[PDB]
Every structure is written in structure tokens, then in C-alpha cells.
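Working notes, beginning with the structure itself.
Values reported hereafter were calculated over all heavy atoms of this structure, with side chains retained and with hydrogens, waters and symmetry mates removed. Every chain is numbered from 1, with letters handed out A, B, ... down the list of sequences.
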Amino acid sequence: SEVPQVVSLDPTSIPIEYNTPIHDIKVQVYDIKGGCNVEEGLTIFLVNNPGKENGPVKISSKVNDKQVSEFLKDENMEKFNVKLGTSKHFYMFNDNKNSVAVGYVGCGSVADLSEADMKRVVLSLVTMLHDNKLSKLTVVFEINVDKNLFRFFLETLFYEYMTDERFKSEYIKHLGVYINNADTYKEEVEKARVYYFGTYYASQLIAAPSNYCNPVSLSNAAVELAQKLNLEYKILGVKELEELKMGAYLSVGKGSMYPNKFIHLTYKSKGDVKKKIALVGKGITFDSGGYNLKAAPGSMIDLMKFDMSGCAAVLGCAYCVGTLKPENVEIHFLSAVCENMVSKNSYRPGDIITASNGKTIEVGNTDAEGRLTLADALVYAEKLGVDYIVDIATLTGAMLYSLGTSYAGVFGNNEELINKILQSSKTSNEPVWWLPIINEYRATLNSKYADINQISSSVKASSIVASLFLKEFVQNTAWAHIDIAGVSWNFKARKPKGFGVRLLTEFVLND
Amino acid sequence: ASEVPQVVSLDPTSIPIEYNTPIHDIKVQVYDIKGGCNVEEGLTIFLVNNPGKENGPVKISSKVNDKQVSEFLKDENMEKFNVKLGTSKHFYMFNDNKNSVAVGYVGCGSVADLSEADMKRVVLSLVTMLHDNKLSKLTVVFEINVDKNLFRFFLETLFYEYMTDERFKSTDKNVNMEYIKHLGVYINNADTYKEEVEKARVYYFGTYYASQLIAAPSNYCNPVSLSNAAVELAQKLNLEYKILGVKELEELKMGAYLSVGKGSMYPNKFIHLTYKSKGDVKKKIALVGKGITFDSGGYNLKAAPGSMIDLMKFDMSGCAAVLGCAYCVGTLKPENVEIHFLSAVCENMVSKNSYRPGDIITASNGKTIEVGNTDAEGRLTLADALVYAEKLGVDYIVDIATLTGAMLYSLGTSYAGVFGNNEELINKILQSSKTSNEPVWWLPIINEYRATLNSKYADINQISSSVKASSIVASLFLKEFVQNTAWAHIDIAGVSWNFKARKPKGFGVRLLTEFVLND
Amino acid sequence: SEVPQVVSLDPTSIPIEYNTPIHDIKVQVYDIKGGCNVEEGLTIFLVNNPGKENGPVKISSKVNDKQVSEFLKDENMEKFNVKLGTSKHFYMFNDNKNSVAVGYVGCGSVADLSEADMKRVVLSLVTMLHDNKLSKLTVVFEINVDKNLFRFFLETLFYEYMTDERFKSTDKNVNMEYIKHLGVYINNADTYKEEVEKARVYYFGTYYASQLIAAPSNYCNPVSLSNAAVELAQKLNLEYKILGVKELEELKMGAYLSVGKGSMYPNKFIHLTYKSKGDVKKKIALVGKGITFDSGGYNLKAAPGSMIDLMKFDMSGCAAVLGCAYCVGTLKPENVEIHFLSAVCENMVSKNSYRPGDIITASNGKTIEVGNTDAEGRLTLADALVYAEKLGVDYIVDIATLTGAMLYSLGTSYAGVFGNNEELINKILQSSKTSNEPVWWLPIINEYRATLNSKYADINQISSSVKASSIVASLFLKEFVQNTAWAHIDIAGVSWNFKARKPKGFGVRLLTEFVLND
Amino acid sequence: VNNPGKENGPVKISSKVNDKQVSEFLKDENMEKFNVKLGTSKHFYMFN
Ligand SMILES: N[C@@H](c1ccc(-n2cccn2)cc1)P(=O)(O)O
Ligand SMILES: N[C@@H](c1ccc(-n2cccn2)cc1)P(=O)(O)O
Ligand SMILES: N[C@@H](c1ccc(-n2cccn2)cc1)P(=O)(O)O
Ligand SMILES: [Zn+2]
Ligand SMILES: [Zn+2]
Ligand SMILES: [Zn+2]
Ligand SMILES: [Zn+2]
Ligand SMILES: [Zn+2]
Ligand SMILES: [Zn+2]
């Protein structure tokens, strides 16, 4: 498990932060009926105006401080508006002559916030936290959210508040929440904190550049994670991968100085097993394209450290599952990890390679490497004899032109499973849309020489074609495929989303 | 009608349209298989499968009312052939009356319920047997299971694919072109299937009519000639009609639609056809089709590799499907409905008179629009068509358009995408997709992208600056022009043209008609 | 007739120079065995040294002056070599105590100079004429050349020497002075004497063509070019007619008319005729592609390498045909009837332009599906070929800047010839030899014909699958000649001299030699 | 089989065939229903 180096200055591990300052925040949830106390730090009102305009801010909650309550009177507050994400905050002295900050974030005019909207709310709030030295934040909900959305608020807050400074060379210690029917929201708090970290852990792996995060260091990190969670683990090396005849997966890695590593973590519930699941993540630690090099305008080769986002989501999910400890489920966490590089040793456009199920594949484009690695992972996953196989992958850039940057696409061979994923999208608030596997396009994968083509020459619906290819490697097991090529990276914030950790955990939990 | 302007005298002044096609001379007779099959003149084709047995052997199960033919078609003789989807074989023999007969089969594979795609492969194989063989009659024996809709779909597709469009042929007409006069069909429970026959013939012609308008090049089919054809159609069907000209469009302040047509030598013409049932009207529907008779891109000229400027006569496919639907509706005469058939027809050209990238134009609902790309012209014309539609006071607005090339990257060439603001209406569309066998998939209008249409100067941007999901952004733009009516949008940019066969599909005619009929 | 203008500063004619300085040159040929007189101006010896690479200059001619003869002794000349294209200037006094200038141009080792080699020699000589104000040049041939190559020397010398200042205003060359006399010393001079005025005629045909080509598309548009052609016909007493739009409509030339639809200039079809006074034994139609500017139309020339700034040259074929009309009309061959044809128009972007996808109808009734508006040349030629065949001629030869693909097949030196008749093709190759305008036979590959099959129209203008566009274009044109020997000369690669930044006037001499020899 | 002169003309088989059933299949009246366009084919199964 020694990471090879070219020079002594090359890093030999991924730095990982486990103990984050988010974990130090004491959280308290209070009912809003008893009035709000404003004694310290920053207090923010989440305010809308239905009908409205953008109408005026009007505060409805009772505040147990004379000076603040004066500040918050309708005549002052109408000077401001509830346009989504708009905020104002002011420092003042309270009834005990102590310095208090008080303000609001506008939640617009609709009464049901979408995940997108709520995200805009949190971002405004985070901007104030990053701009202010505070011991404590207090948030009071003057809008209605359900339990899942409340938890989404917390996760998004923690995640966005946290700043990754691992490669560079003050946080609040308390969070108060005022909300109607407080007691029903309390269970969401620590769940949010677990969901935050699984997501942030995924992010750290994705953000970690390819010199740091390579097939050896990523599998080392996965082992260290399993050890900390008491998960069973197994890392398959080149020799075993050859014995298993994983020729599609091995071919992708031929050109890399980093030997292929296959990750297999296993969680088992205490109880009687009622569902066995294999979660398979695409783990290309750097996708240069291979001989089909990413040289075309817009191919974004500098982003391609993110091509192990699927693997990160699966690993982050492992954190959440290993921590929350759901019952009656056995989960396998799989990733065929490798690096797609240019070398005398690389596989070539046109090569015919042989998958572990015996299928010969003609490589039409070395930059369609993910589906080759996934083919062998899927064969491996099916041999585990599980009930559901779900794979998640940054597989096709075409997703940007279908669903874009907000919704991932799910494709599958089984409507019941697909529907379970859509439900988990609803409760996780990571949005997914069901796209079809159109069988009429299957003929385009008929190779003249091999059993099957890797790519289509004629069909531009590449996300569907890739799904048709993948489907050839699952024979008799319910399977779904989540393409996160569009959603994984947050282009505007210049960072990963850690997309899919919460989706997969909800999937596991809801079962 | 209006006079079509010409640059030279040899410029065509109308679209050639074939109404009385050879398919309409075909006499169809349907028999129940339980009565046995008579095997006489022409070509008798058995549709045969073998469930579960992939590439399984052919077995003819139907009673054949001829001793020679029954002997020929017995299991031992047929076992050398297999049912592989699309395969076919011709047989020759003498019957009990000493007349030579031609017989054969088309293989329908080993899966019992044929998809719409599978059935098309079967039909294409059948058509291959009709081509280059001068036959007076074809007889088809169904030894596979099909529901009523799939039976109709077989007939529609057969009629459509058999037909050959020679309107623009002159020196190269097919000397050997000769159609059957009779079509016999044997099927179990024949009486239940009979009602589908004329329905299929009507659906075939609506689709083929749309196909004719689309395949017609932009010199033949321009906004004046296309609106003229809509008038002629309306007169033949006794639909009400109104064609709005520029002066009337100006009065209605349709600035977004008018701006697109500024650079064309052909004046904008807005088609408005109306069917009204004689009964008491229970539902009112507007069907809106994109009617760009040629899309050069305008100043944002289609010059990039893969922009397929030579295909762009097809950018009135949406208008064509709405008109094809008008044919079907006006022919079948549904009760209790009032249907408006709408198209803002124009041509997107490069000229001293063209609108420019950056121009700010005002739609008929007062919204100002910043033009970011003159090649996103469809959504601008649809904006004003949607405002016009909503003022009619209908229950549903459905538009259909070759709107975004991105469709090819999302759903590809077989499935159209539907988007909308109302779930009930979307499900009705999806239901019509099932019964018409023209596949459509529901795609989301993702509100998070809406902010990317915020203009610094105008009320709204025509295009997104940052979002590449253009089919979704376009849908977001269109939604701004429907205020309080259930509305759905069908993007057929990917499915309209059959690239393999080098012809249009007339996609959407049957879909839209089923939608009207089922309601 | 009247050229339309957008503003009053728009030109309404092509400026044309007919009486050139070359025409003022008095040429005298003398037999070299009488010895050479060296009395004034510049006297240049053309010398080689067969079989000795970069061999020494040796002057073998007798020079009728003691002082000059001494100067050019082998001893004095041995320091110089005959490397092809090298040259030297000498200065001395002759017997008359007069200042005299002498030099040489090396013609290498091979005793048989190629077309390319001879142009190298002529270019070196012109370098000696430029930037030196001389009243007289004398050339002494100490190399062997046949009659066609001697004529080629003069034609090339005249053409290269001539500088086109029609569009110069504030930047004319103040030092521009042309010799008034040219003396030529050659062995067996009597046989070469008849080549001189032939060379002058050939030079002007070529120069005339180049003037038309070089003239930009604002000056040279379909009206002004057809106007020029009438003027030329009047000067030569050729019969002429220009067919205008209404006549073109009556003749149903729908392919040709569609290309011009987008232009502010009306289509003009040029038809000049030369007819011998004797019995007519051969009738010939010469067809020249005449696109005065090719923007590409809606298939706009926007791709890198499309060279839109060069497209004033897309009437190079018409220009070659008109230059041939000048030569034929001047030299007056017997036994022949020649029709000089061009369907002239401009390919532009407009509300009025034809579109990609349009189906149009040619004058022979064939419907054509336009796959690319930038393949306009073959549409205009289609109707011109139909017109040509209706004249009842023995041969139709077209010449056109038809396909950029020529750059990748033959390049900038050799034109391609395609045809439906081996005898006609061979006559063109033979004319290539005697005109020294190089041409190579390329095949019309019938296997590609199916790629022109259209789903809706009788035929496709362009291929869907085949990249060999010069072949595809020829297949298309062939569909418009029914039963007449026809050949097609694609000059897209050779028409413009990219290094010298000017047209060659390619094809005038080739076409004239074809007519003359037949 | 070809048909000189007649573009896409009918198929006519000239060879004598030593089978009565096949001889009858190959008669002009049957074959004229097909054409000689380059690459076009038809074949039929029968008993001899
Ligand atoms: N790694 C896949 C991928 C993922 C995302 C993008 N991409 C995301 C945004 C723009 N391009 C491109 C390729 P692949 O190269 O299709 O294997
Ligand atoms: N006419 C629309 C369109 C439709 C289809 C295609 N297209 C269909 C297939 C490939 N490209 C491109 C543009 P538009 O240019 O987006 O308005
Ligand atoms: N005018 C023809 C042409 C001729 C020459 C070149 N060309 C010559 C050199 C580089 N490009 C390009 C187009 P066309 O655009 O094929 O009609
Ligand atoms: Zn790749
Ligand atoms: Zn990848
Ligand atoms: Zn467009
Ligand atoms: Zn369009
Ligand atoms: Zn061109
Ligand atoms: Zn040209």
C-alpha cells in the first residue's frame, strides 16, 4: 500500500480532516411560542411575505428584549424586503448593555421552499458568519419547513460554513434554533451532523488533487475509514484482479504509474438481513482521456481530479451508514479505482479487451473509460448475490445538456428500485430525474469484431448509450445507475458538492 | 390566399400536396382467423414468433383453406426457417386450383409483446417484400398478439413506409412504382379490430400530410405558401380559419414574433384554424406549433460544424404536426370539444433588415426581451403564440416544436421530451403517447435555472448565459408566457427527422390527435 | 447594361488596360551566327553548362566588339557559375568608347529546360529589369529551346515584366520605366520570328484575363464583366449576345438563376462567337465559371482556411474564356466555330438568396437538391453546359475554379482535367504540352455516383459521404451533357499565384492552343 | 440478369432449366414482376 513517487516531494497520502470545528458546535432547538431570548452573538430571522412582492420584512415572533424588540418593529423592518437571499444585520446593545447582532434573511414569497431556494437562504446566512466573529448563531424560523427540509438546512449550513484549508500553507461554538413544534425537529440535529460529515468527507476526497488522491492513496484512505467505523474491508490488487479476469478495468489503468486498486467495504446490520445492497462508485482518480486526450475546447481537463466523485459518494455513504447503524441491511461499498493516463503502456483506441464475464469489448474511445471500469465492478457486484445494485458515476458530459448542473439522472432495469431512488431524492433533497434506457439504441453497440462496442458512433444520446452498455453487465439483479457528471462539481463556488452521499444513505435507511 | 413573392419567375408559388394517395385506393378486408385463410393471388405473409425460443423455428398455427398450401406450410417444412426479428422468406407453390401462389412470413422474434420499435422493424421488413414486386394484393396473417392500438399502429406504419414521395422527382421517377389495390388481414377476434382500419388510414394521412410539408424545401414551403396550404386544408375540412398578416400582428403588438421575421422576404403569417364540435363544448384546447420555414440562424448563422443548416427546412415540423392533427380531427369529428390550431409562421434570415444579437424587443404581453442569440428564434415566436393562445380562454395549451438540438443529447432520436406547468396535463400527454405509440418522456422544468434568464436591461433574457441544459432553459422561457392555464411543451427537435431513412417522420400528429380524442 | 450602385462612389466599370507598355516594345530577332552587337542598354546571355553541376560560365557566341569580347573571355568568366536562376551584371566600355551593360542568367545543367525551370530563368531576368531604368534589353540564347518554349519565354517575360497599377492612386511606382526595344539573338532565327507576335497576342490574352481576375468584386460584378465582354467582342468583330434575366427565365435556367438570387447585380449570361470564313469543320463551346464573388451564400465561407478574401477570383474560368476569345479573335484560325460562354453571377447572402435544402430545376428539367450553397459553381455550369450542348457543337470544354480539393490533389502547379471522352482529353493534354500550362488527367469515378442520389429531387448537388469533391463535382456536371464529347478543367488550385499575390491568367494559352491545333 | 436498353427493366430468364416446377416459376410472366436495377434481388423457396 506504498504510494509510488516520481520525486521525493510527491505526496504519499491524502490529508483528511475528521475532527472539524462543525463538530464542536453545541446545538439547541427551542419552540418559538415562548418568545426568543437575544443575549449574544448573531440572531437571524428567516422571513417571507406571501403575496408580497418582494414585499416588506415583518417580524412575527416575540422577542424577550426591549431594545431588540424596538429594533424589530414594523416601521423599521418595512425598510427592508424579503427578496430571496437578501439580508441585513446590525450590531446594537440589548437590555443588559451587551453587544448583540440582529438581522434577517429573505425567503421570498412562496410558502414552500425548494432545495434550491433553501440553499440560497443558507448561502446568505453563511456570508454573515464568514464576515463576523461570533460565539453563537441563533436562527428563528418564521417560515414552515418539514423535518427533512429542516435537516437539509442544518446540513447545508454546516457544509457551506466549513472551509477546506488542507492545501493552504474562529467558528461559532453554539447554534440556537427557534421553531414551531421544536420537539419534532430535535432528532434531525445529530442526523444532520452525520450527513454533513459524510458529505464533507466526500468533498475532501474529490477536492484532493490527483497527485495527492491516486488509486493507492484513495484505497489507503478507504481502509483507514473502515477501520475507524469497524467495517469489513478488502482491497484487491493487480494480481487478484488478473485472476478475476477484470480486463476492462485493468486496461484503463495500464498507462498509470499507480497500480489499480479495487475497494470493497462491507457493512452488516445487527438484525436479520432483509436487504442486501451493492453501492458501486466510479473511481477514476484522474481522467486525462487517454490517447483520446481531453484536448478539445470545453473538455475541462483541469477538473478531472473529480472523476472519482462516485467513489467518494459511496465512501461518504459508508461513513453515514457505519455511524447511524441502520438495521436489517447488508451493504457492500465498491469501487474499481484507477487512473486514465497517456503512456507507452496505455490501452489504445481500437483495442479489444475482455471483461470478467467473458464479454469482448471494442474500445472506440479511451475517454469512455468509466463504463469499462464499471462493467467489471458490476460483474463483481452481481456475484455478491445482492438484491439491489446501485452505481453512481460522473459518467457522461452529456448530462450537462439534458438535466444540467442541479439534477442528477437515474437510469435502471427495474421500476421499483428506480422509484425507491426517486423517493430518496425527495427525502435527501438531492434532486434526481428518471431518464429512460431506450432499447432501440442498443443496436448501435453491435461491434463488427468484438461481442460489443464501448461507444456508439452514430448516437449522440451518450448518457443513454452508456446506460445500455452498463446494463449488459447485470443479468438478473435489480439495478440502477445515477449519472452525476453534471451535478458533482459546484462551478460557481469552485468546489465539490459531495453529491449523492445523502441520497444513498436515505436510500439505505428508508428501505 | 396571399400571393407568394418571387425573386425570379421560376420560384415556386405553392407547395405541391398529394391528397389522393395510392394508400387511399387500397381496399382493406379483415377476416377472423378461426374461419381459416384463403391463399390466392398476390402475396400472403404470416407474422410469426416463437416466445422464449430465441431464433426459434417457424410454425404456422393458422388453418389454411388449401390442401397444397397446408402441406407446404406444415411444421417439418417450416422448421428449417427461424423467427429472428425482421427476417423474412418468400415461398412459391401451386394451390388446390392449380394456380401459383406466393407465400411467406416475417419473423417477430421471441418476445410476446412487441414494442413500437419492434413493430416498425417488422413493418419495414414487410415493406421490403412489397417493394420491387408488382403485386395486386397483400394478405397479412397475424399469428402474434397485438392490442387494438398496436394493430392500428401496424397499419399506420405500413401505410406510411410503403408510400413514396415523388413530388419533386422529374427525370428520376421510379418506372416500376406500382401499389397493391387490396389488403387482406386475418386476425383473431377480427370484429373488434375492424374499427381501427379507417382510423389508421386517417392517422396515416395526417402523418403523411405533415411529412409532405416538412420534406418540402424552404423555397416551396415558405410562410406565405405554408399559410396558403393551411387555408386550403381548412376549406377542404370545413374548419374555420383566420390568417393574421403583419398589419394585424403589429396591432396585436407581437414584437417578439415579428422581430424574427424582419429579415425575410416573406411576410409573417399567423395561422389560426378552429374546429368546433356541434354538441355542447366541454373542453377547449389550443395546439401551438413552431413554424419556422427555414432557420438559417440569422446573424448567429448556423456555420459551426454539426449545426446542420441544410436540414433546417424541417423547423416547421411543429406547425406540420398541428396541421396534420387538424386533418385528423376535422375528419374524425370528435364531440364536445373546441380545438384551436395555431402557428406563428415566419423565416429566420440574414439581411440588412434582420433583428440583431443584443436587440431588445417587446412581446405582446408587454415583457421586454433581450436577444442573446438570433438562432434561439423559435422560443420568441412561441412566446407571442402562447400569449395569443391564452387569450382564447382555453382549458389546455399544448405546444410542439423542433426547439433545441440538445434533445439529441438527452433523449436522442426516438423519444420526444414533454415539459409543463401542470401534472394532470402532462400525464394526459404521456397517456396519449402510449395510445398513439409515439414515445414521449417527461423532463423537468428546473426552476433553479430561472435566475440565469435575468437581464440587466430587459425584463428577461431569451437565452441562458451559464446553463447548457438548453431544452430546460427554453422551457423556462416559454413558461413566462403562460400565466394561468395548464400548459405543456413537446420538444421534437431530436425525433422529427429520420436520419437513417432521410425523411421526416411527421412526428406528433397521432400523439396530438389521441390527446384530443381521449378527452 | 447599367451597373447598379449602392452609393455614387461605387465603380460602374472594370478599368481595363489594352495598350500596355509591352505593346510599345519593338522586338527584333537576329541570327546568332552573324555575331552579337553590344551598343546600349542591357545585354543578357542565357547560358548553361550541360552535365557539370554549377559549372563555369562560358560564352560561346561571337560578339562584334573587341572590348566586350575580351571582357567575356573564359578566363574572366570562369569565376561565375551557371546555377539555374543565378545572374550577374557587368559594366564596361565598348569599341566606341561607350558605357555598356552586360550580364547572364544561369540555366543550369539539364539541356532540356522544364516549364518551371524556364519561369525561374525569366523571373531572374525580370529582377534585372526592375529597379533599373533601361531603354533596351538584348537577350542572347546560348541554350537550345524549341519554338513553343521560345514563345513561352517571351510570353512569360512580357507577363511578369508588366505591373498592374490600375488600382494605385497615391502609391504608384515613381520609378516605373519600361524598355522600348527588345533584341533577341538566337540560332536559326528565321524559324523563331513568327513566334514573336504570337507571344505578344498570348501575353495579352493572359494579361487581360488576369486584369479581370485581379479586379475586385465591387469593380468586376456580373454587369460590368458582361459589359467588358461586349466591348472586347466589338473590338474584335466577334458576334455577341448577353442573355438577361427574362431570357434566362424563358430558357428555364433555374440552377444558374437561383445562385444569383441573393445578388444586387442581375445575372448576365455571356455568349460570344468566332466563326471562320471558310468551311466549318469543328464547332467548339468553351464554358467558363463566372462567379464574380463567392461568399459561399448561407453556407458562408467562415471556416479557417476558407479564404473568403480571395473569392473575387471565382470568375477566373470566365476570364480564361474571354482571354481565349481575344487570342482566337486576333489570330483568326480557319475551319472553326467557337462559342465563348459564361453564366455570370454573384453568390451572396440576402433575404433573397437560395437556401441549403432548396430544390431547384435545371434547364434540362432535372430537379436538384441543394446540399450546400457554397457549391454554387456546378449549378451555374449545369445550365451553361445544357445551353452549350443545344448549340450542336463537337466538343464542350469547361474551365472553372471549382473545388478547393485541387490543392490537396495536384496543388498549385498543375490543373486537373476530367472528361467523358478519351480523344478530347488527349487533345487537352496535347494543348497542355504546347501551351506549357500543365494539366494532369484525373478520373471520373462512377462508383461515387450513387452518393449524389437524392431522396426527393432527381439529384444531389453534393455528396453526403465522399470527400473527393473534385471527382464528385465532375460526376455532377456530367449529368448535364447528354451525348457530346466534354472535358472539364478544374483550375481552383492553379489560378492564383499565392507567392506573387496575383492571378496567373491560367488557361488562356491552353484553350487557344486547343482551338488552334484542332 | 440484366436488361440492356431498358433502365430498371423487367427480369427475363433465358436459360433452359431441367425442372418443370422451377421452369414454371421462371416464366416471363412471373419474372416481369421484378426488375434488374443493379443489386436488386428476390429469391423463393419451392419444391422441385
Ligand atoms: N469523466 C467523464 C466526464 C465527466 C464530466 C465531464 N464534464 C463535466 C462538465 C463538462 N464536461 C466530461 C467527462 P468521461 O470523460 O465521459 O469519462
Ligand atoms: N431549429 C432549432 C434546432 C432544431 C434542431 C437542431 N438539430 C437537430 C439535430 C441536430 N441539430 C438544431 C437546431 P434552433 O436552431 O435551436 O432554433
Ligand atoms: N470557389 C470554389 C473554391 C475554389 C478554390 C478554393 N480554394 C482555393 C484555395 C483554397 N481554397 C475554395 C473554393 P467553391 O467555394 O467550391 O465554389
Ligand atoms: Zn473519460
Ligand atoms: Zn471519466
Ligand atoms: Zn434556431
Ligand atoms: Zn429553430
Ligand atoms: Zn462556393
Ligand atoms: Zn465558387
Side-chain angles (χ1 to χ4, degrees), chain A residues 440 443 446, chain B residues 21-23 26 41-49 55 58 60 78 81-92 101-109 114-120 122-144 146 150 153-166 173-174 176-180 182-185 200 204 207-208 211 498-505, chain C residues 450 453 455-456, chain D residues 1 8 10-11 25 30-46:
Chain A
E440 183 167 20
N446 289 344
Chain B
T21 73
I23 299 294
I26 296 184
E41 81 275 8
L43 180 68
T44 300
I45 293 314
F46 291 84
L47 302 179
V48 172
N49 69 6
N55 304 328
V58 175
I60 304 297
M78 293 295 100
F81 312 111
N82 75 83
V83 300
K84 175 160 142 56
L85 213 226
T87 68
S88 61
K89 293 285 153 178
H90 288 84
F91 305 151
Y92 171 90
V101 299
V103 182
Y105 78 94
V106 172
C108 302
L114 287 163
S115 80
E116 142 265 357
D118 301 318
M119 182 56 89
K120 205 228 244 51
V122 170
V123 170
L124 247 31
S125 165
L126 182 55
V127 160
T128 295
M129 313 183 85
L130 292 178
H131 281 156
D132 297 311
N133 189 347
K134 294 177 178 175
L135 296 159
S136 61
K137 173 179 287 182
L138 169 70
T139 300
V140 172
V141 183
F142 278 78
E143 298 197 354
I144 49 155
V146 295
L150 185 59
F153 179 81
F154 168 87
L155 288 178
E156 289 164 358
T157 309
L158 177 60
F159 293 163
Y160 189 79
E161 296 295 339
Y162 191 25
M163 194 56 203
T164 295
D165 187 351
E166 299 203 313
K173 294 189 185 299
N174 185 339
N176 302 318
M177 189 65 72
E178 184 169 324
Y179 293 85
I180 63 183
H182 306 289
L183 170 66
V185 173
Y204 141 79
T207 302
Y208 187 71
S211 174
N498 186 333
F499 293 95
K500 174 120 181 173
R502 303 181 302 160
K503 69 189 187 199
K505 300 189 187 158
Chain C
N453 286 345
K455 182 70 182 185
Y456 291 98
Chain D
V1 177
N8 302 332
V11 170
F25 168 82
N30 286 335
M31 297 297 102
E32 71 186 4
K33 306 199 320 153
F34 309 132
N35 68 87
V36 305
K37 179 175 166 180
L38 185 64
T40 302
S41 74
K42 291 294 180 180
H43 69 295
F44 282 72
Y45 281 82
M46 59 194 92

Distance col, row B:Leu150:CG vs B:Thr157:OG1, nearest 0.5 angstrom, shows 8.5 Å

Identified ring pair (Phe, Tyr, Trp, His ring centres under 6.0 Å) partner of D:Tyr45 from the options B:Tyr92, B:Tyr105, B:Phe81: B:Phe81

Flag the pair B:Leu155 / B:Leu183 as yes when at least one side-chain heavy-atom distance between them is below 4.5 Å, and no otherwise. yes

For residues B:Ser88 and B:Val106, report the shortest heavy-atom separation together with the two atoms involved. CB-CG2, 4.0 Å

Would you call B:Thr164 and B:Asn174 a side-chain contact if the rule is heavy atoms closer than 4.5 Å? no

With B:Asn498 via side-chain hydrogen bond (donor to acceptor under 3.5 Å, both in side chains) - residues at least two apart: none

Rounded to the nearest 0.5 Å, what separates atom CE in B:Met119 from atom CG in B:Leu158? 10.5 Å

Closest heavy-atom pair and its distance - B:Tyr162, B:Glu178: OH-O, 4.0 Å

Please assess B:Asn55 against B:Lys84 for the test side chain to side chain contact (heavy atoms under 4.5 Å, CB included), listing each intermediate value before the final yes or no. CA-CA 5 Å; B:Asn55 304 328; B:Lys84 175 160 142 56; 3.3 Å; yes

Side chain to side chain, B:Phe159 and B:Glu156, heavy atoms closer than 4.5 Å: no

Answer yes or no: is there a donor N or O on one side and an acceptor on the other, between the side chain of B:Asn49 and the main chain of B:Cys108, under 3.5 Å? no

With side chains defined as the heavy atoms from C-beta onward, is the minimum distance between B:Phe142 and B:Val185 less than 4.5 Å? yes

B:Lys505: what forms a side-chain hydrogen bond (donor to acceptor under 3.5 Å, both in side chains) with it, not counting sequence neighbours? none

Does C:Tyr456 have any ring pair (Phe, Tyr, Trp, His ring centres under 6.0 Å) partners at least two apart in sequence or in another chain, and if so, which? none

Any B:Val146 side-chain heavy atom under 4.5 Å of B:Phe154 side chain: no

Not counting sequence neighbours, which residues clear salt bridge (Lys or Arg N to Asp or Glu O under 4.0 Å) with B:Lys89? List them please. none

Where B:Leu138 and B:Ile45 come nearest, the two heavy atoms and their spacing: CD1-CG1, 4.0 Å

Is any side-chain N of the basic residue among B:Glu166 and B:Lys173 closer than 4.0 Å to the acidic one's carboxylate O? no

Determine the minimum heavy-atom distance between B:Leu85 and B:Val122, stating which atoms define it. CD2-CG2, 3.7 Å

May I ask you to decide if B:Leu124's main-chain N or O and B:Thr128's side chain share a donor-acceptor pair within less than 3.5 Å? yes

List in chain and number order the residues that pass side-chain hydrogen bond (donor to acceptor under 3.5 Å, both in side chains) with B:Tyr160, two or more places apart in sequence or in another chain; answer none if no residue qualifies. B:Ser211

In Å and rounded to the nearest 0.5 Å, what is the CD1 to CE distance from B:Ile23 to B:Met163? 6.5 Å

Once side-chain hydrogen bond (donor to acceptor under 3.5 Å, both in side chains) is applied, do any residues pair with B:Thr44, and if so which ones, sequence neighbours excluded? none

Test item: side-chain donor near acceptor, B:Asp132 and B:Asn176, under 3.5 Å: no

Side chains of B:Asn133 and D:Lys33: is there a donor and an acceptor less than 3.5 Å apart? yes

Over all heavy atoms of both residues, which pair between B:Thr87 and B:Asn82 is shortest? Give the atoms and the distance, please. OG1-O, 3.5 Å

To the closest 0.5 Å, what do you measure between CG (B:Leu126) and CD (B:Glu161)? 11.0 Å

Decide side chain to side chain contact (heavy atoms under 4.5 Å, CB included) for B:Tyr179 and B:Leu130; before the verdict, give the C-alpha distance in whole Å, the side-chain angles of both, and the deciding distance to 0.1 Å. CA-CA 8 Å; B:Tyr179 293 85; B:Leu130 292 178; over 6 Å; no

To the nearest 0.5 Å, what is the distance between NE2 (B:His182) and CD1 (B:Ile26)? 10.0 Å

